[PDB]
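Participant: Got a structure for you, written out below as structure tokens; questions coming shortly.
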Number of protein chains: 2
Amino acid sequence: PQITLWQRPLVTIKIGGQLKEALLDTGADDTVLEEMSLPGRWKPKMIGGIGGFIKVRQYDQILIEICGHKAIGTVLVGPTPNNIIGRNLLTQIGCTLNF
Amino acid sequence: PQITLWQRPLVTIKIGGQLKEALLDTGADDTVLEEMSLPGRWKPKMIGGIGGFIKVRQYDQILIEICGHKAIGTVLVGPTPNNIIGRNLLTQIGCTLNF
Ligand SMILES: *[C]1[C][C](*)[C](*)C(*)(*)(*)(C(*)(*)(*)C(*)(*)(C(*)(*)([C](*)C(*)(*)(C(*)(*)(*)([C](*)*)[C@](*)(*)*)C(*)(*)(*)(*)(*)(=O(*)*)[N@@](*)(*)C(*)(*)([C][C](*)C([N])=O)C(=O)[N][C]([C][C][C][N]C([N])=[N])C([N])=O)[O@](*)(*)*)N(*)(*)(*)C(*)(*)(*)(*)([C](*)*)=O(*)*)[C]1*
């Protein structure tokens, strides 16, 4: 699809058996989801954004289906205000920016 | 231009007689630029992102050239880590997301 930016670019993801909405973010290097239950092991980490730094847990090799499209990668789970699909997954479903 | 997402989508903007680099950020409603010299009046405003809240000063109707295209809009200037062009200006230069 061609997504225009008059509205937030929000999309349905299926992650870990659960349906969620997430924002397509080219300004995020990573994918960060609000707190959820993910099966597995996770390493602690801290990311930086606009009003500071959050502590998140990373999970590697998580299957995430984004708008019907399947991708597998690292997902940071932690206290973001919104579900964020960053460029580690945006390049997997082939997404580009055009103007 | 077609921008692929293997590298940060970073672009040259010209604003207030000054040359700058800004990230094209579809997860940002607004345009937030690092603290810089801008003529005019503004209003204290505050926005949030990951990590928390920042206080920024709001300048309305500023001319910006983004990858040499011109748009006029509100520009917030404050403690952000990188310069961000958000959906208020990306819809002005006709930018879309394709997958
Ligand atoms: C909140 C809710 C809504 C949505 C949002 C999104 C956001 C974004 C922005 C951006 C800018 C640049 C600030 C960010 O922040 N990004 C981030 C993401 C996360 C991850 N991790 O991925 C990033 O990318 N970060 C980084 C860091 C860098 C910086 N530096 C310092 N700080 N020092 C990493 N790597 O991490 O789009 N929005 C807003 C508005 O903010 C959320």
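By convention in this document, the chains of the structure tokens carry letters A, B, ... by their order, each chain's residues are numbered from 1, and ligands are numbered from 1 in the order they are shown.
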Could you pull out the residues sitting within 9 Å of ligand 1, using only C-alpha atoms and all ligand atoms, and write them as a short mmCIF file (atom, residue, chain, number, x, y, z; two decimals) with C-alpha atoms, in the first residue's frame?

Facilitator:
data_model
loop_
_atom_site.label_atom_id
_atom_site.label_comp_id
_atom_site.auth_asym_id
_atom_site.auth_seq_id
_atom_site.Cartn_x
_atom_site.Cartn_y
_atom_site.Cartn_z
CA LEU A 23 2.83 3.11 14.12
CA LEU A 24 5.22 2.90 11.15
CA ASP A 25 8.20 4.96 12.29
CA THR A 26 11.21 5.74 9.98
CA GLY A 27 12.73 7.74 12.87
CA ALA A 28 13.01 4.65 15.08
CA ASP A 29 15.98 2.36 14.46
CA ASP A 30 14.22 -0.33 16.44
CA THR A 31 10.81 -1.81 17.16
CA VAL A 32 9.49 -1.17 20.63
CA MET A 46 18.20 1.18 27.31
CA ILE A 47 17.18 3.12 24.22
CA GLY A 48 17.03 6.87 23.71
CA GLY A 49 14.20 8.95 22.27
CA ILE A 50 12.81 12.41 22.72
CA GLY A 51 12.39 13.04 26.50
CA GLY A 52 15.10 10.67 27.58
CA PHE A 53 15.97 7.05 27.95
CA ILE A 54 13.90 4.01 28.76
CA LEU A 76 12.27 -4.13 22.37
CA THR A 80 7.05 3.42 25.06
CA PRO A 81 3.84 5.50 24.83
CA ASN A 82 3.04 3.72 21.52
CA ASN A 83 3.88 0.53 19.63
CA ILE A 84 6.75 1.52 17.23
CA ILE A 85 7.76 -0.51 14.10
CA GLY A 86 11.28 0.87 13.33
CA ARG A 87 13.71 0.34 10.47
CA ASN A 88 14.95 -3.08 11.62
CA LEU B 23 15.66 12.95 9.92
CA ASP B 25 10.26 10.76 10.80
CA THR B 26 6.85 9.33 10.12
CA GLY B 27 6.32 8.63 13.89
CA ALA B 28 6.39 12.41 14.62
CA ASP B 29 3.23 14.53 14.25
CA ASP B 30 5.40 17.70 14.53
CA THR B 31 8.75 19.11 13.38
CA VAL B 32 11.30 19.46 16.15
CA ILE B 47 5.64 17.53 23.60
CA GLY B 48 6.29 13.91 24.50
CA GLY B 49 8.04 10.94 22.94
CA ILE B 50 9.82 7.85 24.35
CA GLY B 51 11.66 8.78 27.59
CA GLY B 52 9.26 11.63 28.56
CA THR B 80 15.64 17.14 20.94
CA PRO B 81 18.59 14.83 20.21
CA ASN B 82 18.30 15.00 16.38
CA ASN B 83 16.42 17.35 14.04
CA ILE B 84 13.03 15.79 13.08
CA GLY B 86 7.29 15.31 11.17
#

Participant: Using only C-alpha atoms, which residues sit within 8 Å of residue 5 of chain B once same-chain residues fewer than 6 positions away are excluded, as number ranges by chain?

Facilitator: A: 26, 87, 90-91, 95-97

Participant: Would you mind exporting N, CA and C atoms of the selected residues as a compact mmCIF listing (two decimals), in the first residue's frame?

Facilitator:
# COMPACT_ATOMS: atom_id res chain seq x y z
N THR A 26 9.92 5.64 10.64
CA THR A 26 11.21 5.74 9.98
C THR A 26 12.24 6.44 10.83
N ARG A 87 12.96 0.74 11.65
CA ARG A 87 13.71 0.34 10.47
C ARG A 87 14.30 -1.04 10.60
N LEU A 90 11.02 -2.42 9.16
CA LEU A 90 10.57 -1.72 7.96
C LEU A 90 11.37 -2.14 6.74
N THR A 91 12.64 -2.40 6.80
CA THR A 91 13.37 -2.86 5.64
C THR A 91 13.01 -4.29 5.32
N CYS A 95 9.90 -1.51 3.10
CA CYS A 95 9.08 -0.27 2.98
C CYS A 95 9.98 0.89 2.69
N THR A 96 9.51 1.85 1.86
CA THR A 96 10.36 2.95 1.45
C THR A 96 9.68 4.28 1.70
N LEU A 97 10.36 5.34 1.40
CA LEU A 97 9.80 6.68 1.65
C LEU A 97 10.01 7.32 0.30

Participant: Looking at only C-alpha atoms, which of B:64, B:33, B:93, B:15 is the one that sits closest to chain A?

Facilitator: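 Closest candidate: B:93.
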
Participant: How would you write, as a ChimeraX atom specification, the set of residues in chain A that DSSP gives as strand (DSSP E or B)?

Facilitator: /A:2-3,10-15,18-24,32-33,43-48,53-66,69-77,84-85,96-98

Participant: Kindly indicate which residue among B:56, B:62, B:72, B:36 lies nearest to chain A, using only C-alpha atoms for the distances.

Facilitator: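 Of the candidates, the smallest distance to chain A is held by B:56.
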
Participant: Neighbouring residues of residue 41 of chain A were defined as those with any atom within 10 Å, considering only C-alpha atoms; residues of the same chain fewer than 6 positions away were excluded. Please report them as a VMD selection string.

Facilitator: chain A and resid 57 to 60

Participant: For the selection just defined, write its residues with N, CA and C atoms to a file, as a PDB file, in the first residue's frame.

Facilitator:
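What ended up in again.pdb:
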ATOM      1  N   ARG A  57      13.552  -4.599  27.457  1.00  0.00           N
ATOM      2  CA  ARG A  57      14.139  -5.931  27.410  1.00  0.00           C
ATOM      3  C   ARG A  57      14.291  -6.297  25.937  1.00  0.00           C
ATOM      4  N   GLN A  58      15.404  -6.773  25.392  1.00  0.00           N
ATOM      5  CA  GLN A  58      15.242  -7.164  24.007  1.00  0.00           C
ATOM      6  C   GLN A  58      15.028  -8.677  23.894  1.00  0.00           C
ATOM      7  N   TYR A  59      14.379  -9.036  22.790  1.00  0.00           N
ATOM      8  CA  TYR A  59      14.016 -10.346  22.341  1.00  0.00           C
ATOM      9  C   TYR A  59      14.422 -10.364  20.861  1.00  0.00           C
ATOM     10  N   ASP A  60      15.088 -11.448  20.521  1.00  0.00           N
ATOM     11  CA  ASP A  60      15.681 -11.646  19.197  1.00  0.00           C
ATOM     12  C   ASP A  60      14.893 -12.726  18.500  1.00  0.00           C
TER      13      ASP A  60
END

Participant: Just checking: using only C-alpha atoms, which residue out of B:38, B:89, B:63, B:13 ends up closest to chain A?

Facilitator: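 With only C-alpha atoms as the atom set, the closest residue is B:89.
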
Participant: Give me, please, the distance in Å between atom CA of residue 9 of chain B and atom CA of residue 22 of chain B, quoted to one decimal.

Facilitator: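 Computed distance, atom CA of residue 9 of chain B to atom CA of residue 22 of chain B, equals 8.4 Å.
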